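Okay, here we've got a single chain as structure tokens, the form deposited in one PDB entry, with questions on binding and movement later.
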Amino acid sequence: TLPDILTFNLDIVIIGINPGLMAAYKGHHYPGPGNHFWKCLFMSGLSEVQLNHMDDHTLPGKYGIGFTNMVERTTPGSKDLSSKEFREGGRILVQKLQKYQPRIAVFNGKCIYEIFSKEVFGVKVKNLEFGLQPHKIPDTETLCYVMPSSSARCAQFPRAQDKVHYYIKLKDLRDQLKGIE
């Protein structure tokens, strides 16, 4: 229902659990609010102006940020996705990453990665911490970074100011690598 906005040689690709009802209707990646995503991006410095879901297709290629989503179907969401739903979901994800070889995969939401590690790596992870996870996407030099959901539904991060921090860190990792070159 909600397409991918991937190109080759992306620095960052943002992975979302699934598209919300609002995103399904609206057709563009991260509308809301509550979605910090757009605000955080501008706040973090990842974009120098504030933009919004209407600009989602400009992001690879102005910014080299592509969107995609672990599960393409729309739910409310998110509590309603089966446990098997993601499993067949993430598999497709890997293949995408493999093809596209972005520098960094950014997992918007710990629930995503928590199942991802379990099923793609085969590791139940202890007490996950946001930020960089050790591993690479298997046939590629693409690094996984985990970040709390943009969705305002998670309580522990009340505001865009609360999650901006990860976005700043992500930018750092980006121009670390880009820089070494």
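Here, rigid core means the biggest group of C-alpha atoms that superpose within 1.5 Å across both forms. Residue numbers run from 1 along the displayed sequence. Shifts are known only where both forms have a C-alpha.
When the mean C-alpha temperature factors of 79-87 and 107-115 are read from the deposited coordinates, 79-87 comes out higher. Stretch comparison (118-126 versus 62-70) by mean CA B-factor in the PDB entry places 118-126 on top. Within the selection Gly32, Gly27, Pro134, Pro148, the deposited Cα B-factor values reach their highest point at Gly32.
Sort the chain's modelled residues by C-alpha temperature factor and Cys144 lands in the lowest third, per the entry. Ranked against the other modelled residues of its chain, the C-alpha B-factor of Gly16 as given in the entry falls in the lowest third.
Among all modelled residues in this chain, the alpha-carbon of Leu177 has a temperature factor (C-alpha) in the highest third.
Split the chain's modelled residues into thirds by C-alpha temperature factor. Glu48 is in the highest one.
Just so it is clear, the following notes concern the form deposited in another entry, a form of the same protein that is not shown.
After superposition on the rigid core, the Cα atom of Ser83 is displaced by 2 Å or more between the shown form and the other one. CA of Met54 to CA of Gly77: farther apart by 3 Å or more in the other form than in the shown form. Distance between the C-alpha atoms of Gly77 and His28: longer by at least 3 Å in the other form than in the displayed form. Listed in sequence order, the runs of at least 3 residues with C-alpha movement of 2 Å or more between the shown form and the other one, after fitting the core, amount to a single one: 76-84.
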